[PDB]
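Take a look at the structure below.
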Amino acid sequence: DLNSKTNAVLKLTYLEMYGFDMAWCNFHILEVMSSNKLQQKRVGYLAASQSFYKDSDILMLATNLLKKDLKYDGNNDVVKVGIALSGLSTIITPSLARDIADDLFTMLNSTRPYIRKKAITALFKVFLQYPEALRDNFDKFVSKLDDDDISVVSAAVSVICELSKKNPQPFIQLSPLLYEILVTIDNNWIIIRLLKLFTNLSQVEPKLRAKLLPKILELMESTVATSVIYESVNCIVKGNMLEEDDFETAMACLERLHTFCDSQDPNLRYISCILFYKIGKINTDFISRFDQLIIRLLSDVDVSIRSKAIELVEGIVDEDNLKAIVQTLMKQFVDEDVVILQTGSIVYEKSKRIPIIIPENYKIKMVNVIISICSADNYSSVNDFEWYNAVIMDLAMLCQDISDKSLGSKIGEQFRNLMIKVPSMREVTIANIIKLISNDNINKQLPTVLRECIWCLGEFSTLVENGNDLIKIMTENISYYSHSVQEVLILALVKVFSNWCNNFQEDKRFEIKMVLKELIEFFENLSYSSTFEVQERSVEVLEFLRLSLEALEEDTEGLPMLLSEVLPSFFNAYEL
Amino acid sequence: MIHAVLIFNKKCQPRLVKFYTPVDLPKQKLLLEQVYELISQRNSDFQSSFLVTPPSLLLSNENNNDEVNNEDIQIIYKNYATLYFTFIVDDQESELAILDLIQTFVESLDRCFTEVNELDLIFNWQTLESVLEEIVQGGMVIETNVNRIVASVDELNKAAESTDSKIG
Amino acid sequence: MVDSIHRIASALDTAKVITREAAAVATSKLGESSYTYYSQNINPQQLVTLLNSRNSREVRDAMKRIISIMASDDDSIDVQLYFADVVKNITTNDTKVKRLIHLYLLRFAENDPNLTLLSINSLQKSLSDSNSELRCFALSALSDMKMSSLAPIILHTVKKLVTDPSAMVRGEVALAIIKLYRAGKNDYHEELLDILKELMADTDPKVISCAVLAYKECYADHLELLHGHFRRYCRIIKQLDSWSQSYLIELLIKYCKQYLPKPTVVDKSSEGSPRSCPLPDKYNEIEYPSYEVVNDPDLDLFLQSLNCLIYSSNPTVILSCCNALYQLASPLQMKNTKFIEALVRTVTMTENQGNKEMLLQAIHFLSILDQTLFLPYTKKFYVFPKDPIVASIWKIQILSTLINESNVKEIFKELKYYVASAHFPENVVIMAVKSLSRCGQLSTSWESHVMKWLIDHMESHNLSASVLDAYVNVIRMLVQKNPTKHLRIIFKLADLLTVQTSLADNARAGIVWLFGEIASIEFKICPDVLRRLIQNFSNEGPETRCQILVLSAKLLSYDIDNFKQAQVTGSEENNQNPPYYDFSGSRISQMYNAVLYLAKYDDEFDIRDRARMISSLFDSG
Amino acid sequence: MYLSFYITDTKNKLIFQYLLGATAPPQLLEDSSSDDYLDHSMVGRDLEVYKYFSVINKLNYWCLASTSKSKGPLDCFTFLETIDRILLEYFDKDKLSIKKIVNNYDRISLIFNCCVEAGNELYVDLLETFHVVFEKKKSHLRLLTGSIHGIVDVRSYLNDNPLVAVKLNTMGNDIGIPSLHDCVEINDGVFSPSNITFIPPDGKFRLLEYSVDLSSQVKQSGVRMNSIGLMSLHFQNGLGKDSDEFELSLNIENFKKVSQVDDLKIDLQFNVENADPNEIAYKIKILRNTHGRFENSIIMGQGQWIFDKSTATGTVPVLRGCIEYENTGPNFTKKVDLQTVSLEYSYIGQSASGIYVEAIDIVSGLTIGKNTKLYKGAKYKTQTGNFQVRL
């Protein structure tokens with residue numbers, strides 16, 4: 001019975017979906033697919049597609065059946081074909097597929113757009129299994145594609161798309177007809193799809209892309225979802241369609257994105273931000289239009305945006321803005337961090353505590369940014385070098401929390417370059433440095449900073465009166481240090497003493513002579529490194545100093561030269 | 001790949017669900033009832049608001065922004081006049097494809113059904129299903145056009161009718 | 001950084017386990033509610049009141065918890081009274097009471113100097129009682145106090161407390177005399193001695209562990225007494241608990257130095273006397289002077305004891321011992337032989353880390369200071385597989401100690417065999433270098449095999465940066481002893497650098513220095529090396545350039561004096577030669593000139609700074 | 001001030017962490033991968049959260065909780081060790097291994113506070129875990145080294161606290177150092193050199209641990225361990241590509257006096273590290289025994305022969321059979337570097353050094369059979385590391 005056939009089918013599908021006796025359902029599913037009624041053919045097909053596996057008569061009947069159904073035009077032929085095609089798609093045997101294709105062909109010849117749509121979609125699933133079918137069926141597609149109906153076109157398209165994924169060669173043959181169809185579409189969805197497809201065909205066949213792009217953009221321009229505002233974008237960005245010939249397309253797409261990016265919801269943003277950045281790598285002009293969007297994205301809360309922005313910011317900068325932005329990021333990260341690092345608030349207006357929010361490794365990037373800003377071009381214009389100096393010391397503080405050592409390294413190298421230049425600022429830097437060194441926080445994690453500080457002071461110990469306490473600092477801290485640092489400190493101090501001697505004319509002052517003695521005692525302490533290399537490296541300097549002492553005795557001014565006299569001597573003795 | 005399509009009435013009644021790949025067969029029904037509740041809490045403008053959810057968010061308040069993810073399953077919801085459509089997709093199909101396919105499915109359903117009733121959708125579960133598939137096939141939505149989609153459904157109905165005990 | 005570390009713990013902390021103390025009271029077991037009382041105030045009252053009751057038993061319960069409140073620093077809380085009451089009550093004749101009370105006293109002192117004083121007075125009265133069980137504990141707290149004013153008391157006490165024959169008291173009277181002897185020299189030392197003595201001679205672990213923790217202090221200053229007392233201590237350790245042993249280590253480290261028989265008449269006639277060992281003078285007989293820690297069975301017994309402790313299976317005791325075993329040692333301590341056998345024995349036994357290192361170390365330090373004691377253990381320390389990087393590293397230093405000239409071949413065969421064969425860790429290779437450095441120091445005829453072995457490793461392998469830096473440091477040492485083998489060593493290294501214009505930055509550094517250093521031996525040749533380097537410096541890394549300088553520099557020097565008058569250059573007067581008119585400025589200069597110019601082209605300041613000077617001085621003589 | 005104590009494992013893994021109210025979160029550590037070097041560290045931050053790591057875990061655990069302030073390093077080492085010992089007793093003292101730690105991690109935390117406060121039948125069960133590094137050279141197995149670790153425990157059933165004397169004997173091996181447990185007394189005079197006095201705990205008490213090095217002992221005592229201490233394994237090559245024959249006899253001739261071996265576990269490792277366990281397929285065809293169980297773990301490349309305590313007095317469980325290196329691949333090159341056969345014996349009522357006890361009794365001015373009885377079944381344990389016979 002036709003009515004029970006339909007009912008069985010509903011329930012049969014439930015049993016067949018279990019991995020249950022399909023024999024009981026098959027007979028029915030088959031006689032059902034053999035019943036001319038278009039509805040039964042529809043449901044039957046859905047079930048058989050789940051059940052057909054293994055039983056031969058089942059499948060066999062199902063096939064020979066779908067044929068008779070397809071063969072006759074059928075006149076509610078739209079549905080009959082339509083479903084029967086879907087159905088056949090999910091059954092696969094070569095015998096079946098063989099029939100199916102010959103059937104889809106006849107079905108494509110139905111007038112009614114409904115039928116023309118399904119037949120197209122079906123040929124999609126089928127072809128995915130049995131290519132011989134496609135072969136005999138292609139010729140028809142070309143005849144159907146030329147139908148006046150916009151839905152049929154939309155379908156022929158989708159199908160040609162899948163088949164492009166598998167066969168592109170046949171469908172690059174039909175692409176021209178695809179263009180002509182899209183040219184006649186008024187519908188927003190049909191436009192969106194035809195776009196996805198052409199994108200797929202474009203990866204294979206630029207000729208299509210060129211012909212189709214201009215059909216898209218006229219289509220997006222006429223539709224407002226926004227849905228195509230995203231789609232055309234993803235397609236434009238993908239086919240790599242874009243290539244520039246396609247900028248115009250991309251433009252409209254971007255303009256639609258920019259409008260959206262410009263709503264505070266991460267769902268739309270992220271999608272745009274990504275699409276933007278990507279576009280920019282591809283289209284600088286767009287970027288310049290989207291500076292504002294970027295700057296705004298800096299205060300965005302979305303982890304992918306923030307990261308995507310910083311990468312954009314990096315490319316976009318105004319100096320006054322830089323200096324400001326730096327200070328701004330400093331506070332953000334003390335308050336944007338955490339949220340999904342860990343918890344989980346609800347995101348409303350309400351939490352008065354706000355959920356808040358950064359990843360975990362975004363902190364490191366933040367600092368890096370600061371340093372970059374100071375060095376791009378020559379923030380020769382941090383006008384206020386002071387601030388930079390401060391910031392640098394500050395960042396060093398927070399990073400002590402993170403480490404990543406490299407955060408801390410970059411900060412140091414930069415500091416050195418700052419102090420070197422900018423003799424003013426030295427006092428601030430020295431005062432801080434001196435304290436930072438004896439303030440333990442630098443020793444924690446931070447050998448690099450120490451290495452730099454060491455150099456800085458030798459250069460500027462000339463500002464400070466008591467170049468004695470400084471050097472007694474540094475000398476007390478040397479034993480607390482890593483090998484890299486130790487190697488540095490040693491090397492620095494020596495680089496310094498050479499300076500004082502140049503400036504000491506105060507009197508030479510006797511004190512400088514005493515201080516050299518101290519440095520000596522210290523370096524002896526580092527000759528006690530476990531690794532022979534480092535050890536030998538230090539012991540080398542210890543001896544060096546003891547020398548400078550003898551030099552100052554003979555002269556005042558002549559000291560730098562004197563040191564280059566003895567020091568190398570010692571050095572050679574040891575090495576010799 | 002869409003692994004599943006969900007149709008629900010404005011009053012949250014499930015009615016259809018498509019599942020392309022193996023997923024729990026029984027829980028599917030239940031899961032569909034759960035993700036209904038959330039739909040009701042979301043606002044009409046935030047209609048559907050695809051509900052992404054960590055799973056433990058199926059009736060879970062460990063996280064304040066309770067939502068239902070159906071474990072690793074993104075749920076896209078769309079609200080239309082009176083029907084809602086939920087689509088469960090895998091993380092590998094494009095979100096847009098999923099969204100569009102939904103939006104389209106909607107306009108189609110409206111035109112496909114002159115006066116959709118929760119009941120008319122039930123009986124015509126297969127029909128509704130077909131539309132969904134057609135839209136999908138060869139990865140392709142091949143008619144997208146709301147005018148065609150409308151007929152398409154009618155066509156399928158005609159066929160199925162002609163076959164109906166194999167269908168009804 | 002600290003975040004993750006903390007979380008990992010915290011996370012488990014909280015829920016760990018069933019909220020602590022709220023589940024602590026709620027589900028406490030029978031006495032599962034105390035958690036909320038004394039947890040939420042036992043209360044001082046429950047204390048004081050119980051102290052002002054006159055009965056030694058009641059002062060006990062009150063003394064128990066009473067220790068808690070004090071521990072809370074509830075600061076508000078006269079602590080003086082509890083302190084006082086408990087002090088007067090200490091004079092009670094009950095032992096349990098005395099115990100608690102002492103526990104307390106120790107707390108107060110942890111925070112406050114005045115009170116610390118009272119607590120001491122009490123312990124005096126009770127110490128003057130004939131009861132040994134009390135006089136003990138009581139004297140104990142007097143010691144865990146940290147302080148110095150607590151001496152004019154603890155004394156008159158400790159006096160009568162030694163004069164008691166009891167072991168309990170004898171243990172405690174040591175703690176006191178001590179933790180009190182640190183701060184009271186003027187009124188105290190007369191007695192604080194004739195005491196600690198008779199004492200130390202007790203058996204009870206809580207008595208010994210105490211006199212120890214004691215003697216370790218008082219003596220910081222009045223060490224004559226301490227001695228005759230320190231002995232039993234070292235003896236006692238051999239009979240005792242692992243805790244009571246570790247403590248004796250820290251002390252044995254502190255007291256001898258604190259003492260060392262400050263020379264005053266120092267009887268160098270005590271035993272076999274080095275620093276004279278006193279026994280106490282006010283003691284009888286045969287004067288034993290001071291320096292006595294260096295000399296006196298106390299210092300010595302320290303080493304023997306340390307051993308037993310090592311034999312005793314407790315690693316802590318084993319390390320702390322090895323540490324002091326080497327620190328004191330007049331080496332005559334280390335030729336124990338015991339340290340050796342026991343060491344090597346422990347080594348294999350030890351699976352405890354602080355130990356292996358100490359163990360393997362000992363082996364070396366001990367071989368060095370005593371070879372003949374290891375020879376039976378040679379084939380033994382052919383490395384054990386389980387062991388760490390430092391371990392295999394120490395194995396090398398051992399072989400280096402066992403060599404003779406006639407036996408040397410037997411050994412070396414093993415060494416090289418290790419580098420190549422063992423699966424040696426990187427660090428091992430580094431050490432193997434520091435060792436062989438000391439091995440050839442002994443033989444010359446055999447040294448060639450040693451050095452050659454080292455070079456061959458470097459010349460050939462592009463070795464790891466760490467290793468390269470190491471080897472370079474070593475080769476620097478051997479060259480220092482074996483200047484004949486030295487010349488080759490340098491030439492070989494030069495060639496390697498000359499080919500490798502790519503080498504490693506750290507390698508070039510070492511390789512260069514070595515060449516400065518070796519130049520003394522035959523600084524006539526070294527220019528040959530520096531020649532190639534210069535020619536090719538211009539293409540090098542910075543640090544590498546720095547060293548290359550100082551070392552060009554040195555090489556130049558050694559010979560200025562020897563070059564200068566020799567270098568006062570092309571002055572030909574120097575190609576004339578006394579001793580070191582090494583073909584001098586010319587050969588050396590031709591090299592430096594290149595070097596300097598090359599260093600200037602490096603980055604670091606020190607590199608250039610030295611380079612600049614080296615040239616200036618070298619040039620001008 | 002907060003004091004936090006954490007028991008780490010060998011490779012610094014933290015196992016337990018103790019909190020003390022309110023709210024709370026390099027040369028040696030560089031080394032600890034090796035099991036015993038953890039002591040001082042400074043985790044350090046500027047806040048006075050200084051924690052000193054003196055580093056001792058006993059029984060494979062690392063404990064290292066830093067204090068909140070001052071305290072001193074070595075001072076913290078003492079508090080740490082004490083913490084170590086109370087936990088085993090709480091567990092029962094049988095074995096605080098990292099595994100147990102985790103489980104008992106809570107009881108350990110509770111202790112830390114409790115310690116932090118802390119202001120009739122007798123039996124001597126001498127358990128003796130030997131470990132001996134034998135080197136086969138010349139046909140006989142020559143005990144090269146070895147360590148017999150005797151723990152002497154005693155399980156009592158008195159009612160009060162009488163004293164015990166235990167007479168130990170030398171099995172002419174100068175027995176040299178018996179180490180005695182904290183509830184045990186070894187007055188140099190009062191108790192002869194071979195005897196010790198024990199005071200109750202309720203608790204199992206290790207009465208004496210003893211370590212003896214077999215190399216000189218065995219040579220000094222002349223003992224080819226016939227009964228025990230020398231299991232002569234003869235691995236004969238003349239092998240074919242798959243077989244070999246090794247004869248190992250563990251005669252209980254000198255162990256006749258001894259009760260048996262609560263559990264002799266012979267793990268023969270056949271190096272498979274350098275040969276690929278598939279190469280080592282080996283089979284042990286014949287195992288000579290009268291009272292134990294030989295199951296082979298071939299796959300893993302291991303012998304395990306477990307002799308149950310059941311063999312009594314002098315029966316000689318012959319150890320012999322054949323090792324056949326069966327190969328599933330041909331890629332076994334008939335090489336099995338034959339490496340270290342560690343035999344860990346555990347003899348329960350034997351003396352690790354030869355600390356043989358003829359008899360034990362309460363000793364208070366009393367006479368024998370003044371009313372005190374003698375029990376059976378203290379149980380000590382003893383472990384070192386482990387015998388090794390090299391071939």
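Labeling convention for the structure tokens: chains A, B, ... as they appear, residues from 1 per chain, ligands from 1 in order of appearance.
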Identify all chain B residues at most 8 Å from chain A by counting only C-alpha atoms; ligands do not count. Present them as a ChimeraX atom specification.
/B:62-66,96,100,104,126,130,133-149,151-168
Which residues come within 10 Å of residue 290 in chain A, counting only C-alpha atoms, excluding same-chain residues fewer than 5 positions away, as a PyMOL selection string?
chain A and resi 254-255+258+261+276-277+280+284-285+295-296+312+316
What's the 8 Å shell around range 449-461 of chain C, counting only C-alpha atoms, without same-chain residues fewer than 3 positions away, as a ChimeraX atom specification?
/C:412,416,433,436,439-440,446,468,471,475,478,485,489,492-493,496
Leaving out range 44-52 of chain B and any residue of its chain fewer than 4 positions from it, which residues lie within 12 Å of it when counting only C-alpha atoms, given as a PyMOL selection string?
(chain A and resi 265+267) or (chain B and resi 6-10+12+34-40+56-58+65-91+95-96+98-99+102-103)
Atomic separation - CA of residue 287 in chain C relative to CA of residue 204 in chain C, Å
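Those two atoms sit 29.8 Å apart.
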Option closest in space to residue 355 in chain D, from D:127, D:199, D:275, D:312 [counting only C-alpha atoms]:
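Comparing D:127, D:199, D:275, D:312 against residue 355 in chain D, the winner is D:127.
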Return as an mmCIF file with N, CA and C atoms, in the first residue's frame the residues belonging to chain A that are within 10 Å of chain C, counting only C-alpha atoms.
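To be explicit, this is the file written out as iface22.cif:
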data_model
loop_
_atom_site.group_PDB
_atom_site.id
_atom_site.type_symbol
_atom_site.label_atom_id
_atom_site.label_comp_id
_atom_site.auth_asym_id
_atom_site.auth_seq_id
_atom_site.Cartn_x
_atom_site.Cartn_y
_atom_site.Cartn_z
ATOM 1 N N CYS A 399 56.965 42.420 32.886
ATOM 2 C CA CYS A 399 57.586 41.268 32.248
ATOM 3 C C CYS A 399 58.358 40.440 33.320
ATOM 4 N N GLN A 400 58.580 41.086 34.373
ATOM 5 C CA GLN A 400 59.277 40.166 35.148
ATOM 6 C C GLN A 400 58.197 39.185 35.513
ATOM 7 N N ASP A 401 57.039 39.637 35.295
ATOM 8 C CA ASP A 401 56.130 38.596 35.761
ATOM 9 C C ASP A 401 56.059 37.321 34.816
ATOM 10 N N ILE A 402 56.161 37.569 33.514
ATOM 11 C CA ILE A 402 55.988 36.714 32.289
ATOM 12 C C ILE A 402 57.106 36.027 31.909
ATOM 13 N N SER A 403 58.039 35.860 32.669
ATOM 14 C CA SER A 403 58.820 35.560 31.641
ATOM 15 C C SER A 403 58.782 34.497 30.727
ATOM 16 N N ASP A 404 59.408 35.195 29.798
ATOM 17 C CA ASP A 404 59.880 35.166 28.477
ATOM 18 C C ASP A 404 60.908 36.090 28.654
ATOM 19 N N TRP A 455 77.144 48.413 30.913
ATOM 20 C CA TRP A 455 77.770 49.177 29.911
ATOM 21 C C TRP A 455 77.405 50.566 30.021
ATOM 22 N N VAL A 488 79.600 39.577 30.962
ATOM 23 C CA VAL A 488 79.388 40.920 30.491
ATOM 24 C C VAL A 488 79.889 41.919 31.424
ATOM 25 N N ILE A 490 82.057 41.687 33.719
ATOM 26 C CA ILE A 490 83.455 41.771 33.742
ATOM 27 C C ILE A 490 83.909 42.587 32.640
ATOM 28 N N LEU A 491 83.310 42.346 31.430
ATOM 29 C CA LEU A 491 83.835 43.010 30.311
ATOM 30 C C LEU A 491 83.561 44.453 30.343
ATOM 31 N N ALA A 492 82.373 44.826 30.945
ATOM 32 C CA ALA A 492 82.000 46.185 30.965
ATOM 33 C C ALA A 492 82.872 46.979 31.833
ATOM 34 N N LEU A 493 82.956 46.555 33.153
ATOM 35 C CA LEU A 493 83.653 47.304 34.121
ATOM 36 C C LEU A 493 84.914 47.754 33.605
ATOM 37 N N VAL A 494 85.570 46.892 32.781
ATOM 38 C CA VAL A 494 86.844 47.196 32.268
ATOM 39 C C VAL A 494 86.780 48.249 31.277
ATOM 40 N N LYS A 495 85.607 48.319 30.582
ATOM 41 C CA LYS A 495 85.394 49.276 29.561
ATOM 42 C C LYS A 495 85.185 50.616 30.147
ATOM 43 N N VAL A 496 84.768 50.608 31.448
ATOM 44 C CA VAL A 496 84.462 51.803 32.142
ATOM 45 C C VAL A 496 85.623 52.460 32.595
ATOM 46 N N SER A 498 88.254 52.644 31.881
ATOM 47 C CA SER A 498 88.984 53.313 30.880
ATOM 48 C C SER A 498 88.419 54.688 30.734
ATOM 49 N N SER A 530 82.475 27.461 37.240
ATOM 50 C CA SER A 530 82.751 26.095 36.874
ATOM 51 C C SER A 530 83.239 25.814 35.438
ATOM 52 N N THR A 531 82.869 26.654 34.460
ATOM 53 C CA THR A 531 83.257 26.406 33.058
ATOM 54 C C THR A 531 84.484 27.151 32.782
ATOM 55 N N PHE A 532 85.514 26.424 32.340
ATOM 56 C CA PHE A 532 86.828 26.894 32.066
ATOM 57 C C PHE A 532 86.877 28.054 31.183
ATOM 58 N N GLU A 533 85.988 28.191 30.261
ATOM 59 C CA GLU A 533 86.020 29.253 29.362
ATOM 60 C C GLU A 533 85.802 30.507 30.099
ATOM 61 N N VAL A 534 84.647 30.640 30.780
ATOM 62 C CA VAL A 534 84.229 31.813 31.413
ATOM 63 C C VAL A 534 85.216 32.164 32.366
ATOM 64 N N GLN A 535 85.702 31.111 33.122
ATOM 65 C CA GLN A 535 86.693 31.342 34.155
ATOM 66 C C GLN A 535 87.852 32.076 33.589
ATOM 67 N N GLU A 536 88.404 31.594 32.458
ATOM 68 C CA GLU A 536 89.572 32.152 31.919
ATOM 69 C C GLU A 536 89.292 33.460 31.428
ATOM 70 N N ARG A 537 87.990 33.712 31.021
ATOM 71 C CA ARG A 537 87.628 34.993 30.495
ATOM 72 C C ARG A 537 87.738 36.062 31.521
ATOM 73 N N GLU A 540 90.904 37.047 33.057
ATOM 74 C CA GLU A 540 91.778 37.828 32.325
ATOM 75 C C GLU A 540 91.814 39.231 32.668
ATOM 76 N N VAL A 541 90.575 39.806 33.102
ATOM 77 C CA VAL A 541 90.304 41.183 33.365
ATOM 78 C C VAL A 541 90.857 41.528 34.662
ATOM 79 N N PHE A 544 93.887 42.698 34.472
ATOM 80 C CA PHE A 544 93.954 43.909 33.713
ATOM 81 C C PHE A 544 93.918 45.124 34.499
ATOM 82 N N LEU A 559 96.802 57.655 31.115
ATOM 83 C CA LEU A 559 96.149 56.387 31.479
ATOM 84 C C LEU A 559 95.357 55.675 30.398
ATOM 85 N N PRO A 560 94.771 56.387 29.535
ATOM 86 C CA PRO A 560 94.276 55.254 28.824
ATOM 87 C C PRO A 560 95.264 54.356 28.158
ATOM 88 N N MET A 561 96.464 54.930 27.766
ATOM 89 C CA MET A 561 97.420 54.281 26.928
ATOM 90 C C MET A 561 98.146 53.340 27.641
ATOM 91 N N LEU A 562 98.345 53.709 28.902
ATOM 92 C CA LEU A 562 99.053 52.847 29.736
ATOM 93 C C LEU A 562 98.369 51.608 29.858
ATOM 94 N N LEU A 563 97.006 51.647 30.033
ATOM 95 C CA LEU A 563 96.247 50.417 30.174
ATOM 96 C C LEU A 563 96.455 49.652 28.852
ATOM 97 N N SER A 564 96.356 50.320 27.711
ATOM 98 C CA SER A 564 96.560 49.374 26.655
ATOM 99 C C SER A 564 97.937 48.833 26.604
ATOM 100 N N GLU A 565 98.767 49.194 27.581
ATOM 101 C CA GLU A 565 100.053 48.611 27.474
ATOM 102 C C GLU A 565 100.104 47.315 28.176
ATOM 103 N N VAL A 566 99.699 47.320 29.454
ATOM 104 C CA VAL A 566 99.945 46.193 30.229
ATOM 105 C C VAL A 566 98.960 45.173 29.976
ATOM 106 N N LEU A 567 97.675 45.571 29.841
ATOM 107 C CA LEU A 567 96.575 44.674 29.706
ATOM 108 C C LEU A 567 96.945 43.752 28.510
ATOM 109 N N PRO A 568 97.358 44.339 27.387
ATOM 110 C CA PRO A 568 97.442 43.115 26.623
ATOM 111 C C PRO A 568 98.440 42.179 27.076
ATOM 112 N N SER A 569 99.463 42.671 27.878
ATOM 113 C CA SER A 569 100.516 41.781 28.221
ATOM 114 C C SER A 569 100.120 40.651 28.954
ATOM 115 N N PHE A 570 99.286 40.862 29.992
ATOM 116 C CA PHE A 570 98.722 39.920 30.895
ATOM 117 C C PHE A 570 97.968 38.981 30.162
ATOM 118 N N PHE A 571 97.140 39.522 29.224
ATOM 119 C CA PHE A 571 96.255 38.678 28.515
ATOM 120 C C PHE A 571 97.110 37.714 27.832
ATOM 121 N N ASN A 572 98.328 38.124 27.292
ATOM 122 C CA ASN A 572 98.985 37.128 26.556
ATOM 123 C C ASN A 572 99.602 36.177 27.438
ATOM 124 N N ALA A 573 100.115 36.621 28.622
ATOM 125 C CA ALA A 573 100.767 35.653 29.408
ATOM 126 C C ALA A 573 100.008 34.510 29.703
ATOM 127 N N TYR A 574 98.656 34.677 29.909
ATOM 128 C CA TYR A 574 97.731 33.661 30.361
ATOM 129 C C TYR A 574 97.444 32.754 29.260
ATOM 130 N N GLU A 575 97.211 33.369 28.109
ATOM 131 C CA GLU A 575 96.984 32.624 26.934
ATOM 132 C C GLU A 575 98.341 32.082 26.542
ATOM 133 N N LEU A 576 99.469 32.484 27.216
ATOM 134 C CA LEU A 576 100.468 31.904 26.451
ATOM 135 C C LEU A 576 100.785 30.664 27.296
#
Please provide the set of residues having any atom within 10 Å of range 261-264 of chain C, restricted to only C-alpha atoms, with same-chain residues fewer than 4 positions apart removed, written as a list in words.
residues 221, 222, 223, 224, 227, 256, 257, 275, 276, 277, 278, 288, 289, 290, 291, 292, 293, 294 and 295 of chain C
Surrounding residues of range 123-126 of chain D excluding itself and chain neighbours under 4 positions, 12 Å, only C-alpha atoms, as a ChimeraX atom specification:
/D:149-158,164-168,196,198,204-210,258-262,346-362,372-382
Going by DSSP on the backbone, which residues of range 30-65 of chain C come out as alpha helix (DSSP H)? List them as a ChimeraX atom specification.
/C:45-52,58-65
List every residue of chain D that has an atom at most 6 Å from any atom of chain C, and for each one report the closest atom pair and its distance in Å to one decimal, counting only C-alpha atoms, with rows sorted by chain and then by increasing residue number, as CSV.
residue,atom,partner,partner_atom,distance
D:25,CA,C:6,CA,4.7
D:34,CA,C:353,CA,5.3
D:35,CA,C:353,CA,4.7
D:36,CA,C:353,CA,2.2
D:37,CA,C:354,CA,3.4
D:119,CA,C:103,CA,5.9
D:182,CA,C:241,CA,5.4
Mind pulling up the distance from CA of residue 19 in chain C to CA of residue 24 in chain D?
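Rounded to one decimal, the two atoms are 14.4 Å apart.
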Please provide as a PyMOL selection string all residues within 9 Å of residue 590 in chain C, with the sequence filter that same-chain residues fewer than 6 positions apart are discarded (counting only C-alpha atoms).
chain C and resi 527+530-531
Writing out the chosen residues with N, CA and C atoms as an mmCIF file, in the first residue's frame:
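Resulting contents of result.cif:
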data_model
loop_
_atom_site.group_PDB
_atom_site.id
_atom_site.type_symbol
_atom_site.label_atom_id
_atom_site.label_comp_id
_atom_site.auth_asym_id
_atom_site.auth_seq_id
_atom_site.Cartn_x
_atom_site.Cartn_y
_atom_site.Cartn_z
ATOM 1 N N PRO C 527 103.770 34.473 16.691
ATOM 2 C CA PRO C 527 103.381 35.357 15.641
ATOM 3 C C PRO C 527 102.878 34.669 14.455
ATOM 4 N N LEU C 530 99.113 34.396 15.080
ATOM 5 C CA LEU C 530 98.432 35.619 15.034
ATOM 6 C C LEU C 530 98.478 36.139 13.688
ATOM 7 N N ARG C 531 99.426 35.625 12.833
ATOM 8 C CA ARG C 531 99.488 36.150 11.555
ATOM 9 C C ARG C 531 98.317 35.753 10.810
#
Two-atom distance - CA of residue 414 in chain A, CA of residue 371 in chain A (Å):
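Between these atoms lies a distance of 6.7 Å.
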Counting only C-alpha atoms, which residues of chain D fall within 12 Å of chain A, and what is the closest atom pair for each with its distance in Å at one decimal, ordered by chain and rising number, as a Markdown table?
| residue | atom | partner | partner_atom | distance |
| --- | --- | --- | --- | --- |
| D:26 | CA | A:482 | CA | 10.4 |
| D:27 | CA | A:530 | CA | 10.2 |
| D:42 | CA | A:444 | CA | 11.0 |
| D:43 | CA | A:444 | CA | 10.2 |
| D:44 | CA | A:444 | CA | 8.7 |
| D:45 | CA | A:441 | CA | 7.7 |
| D:46 | CA | A:441 | CA | 7.0 |
| D:47 | CA | A:441 | CA | 10.6 |
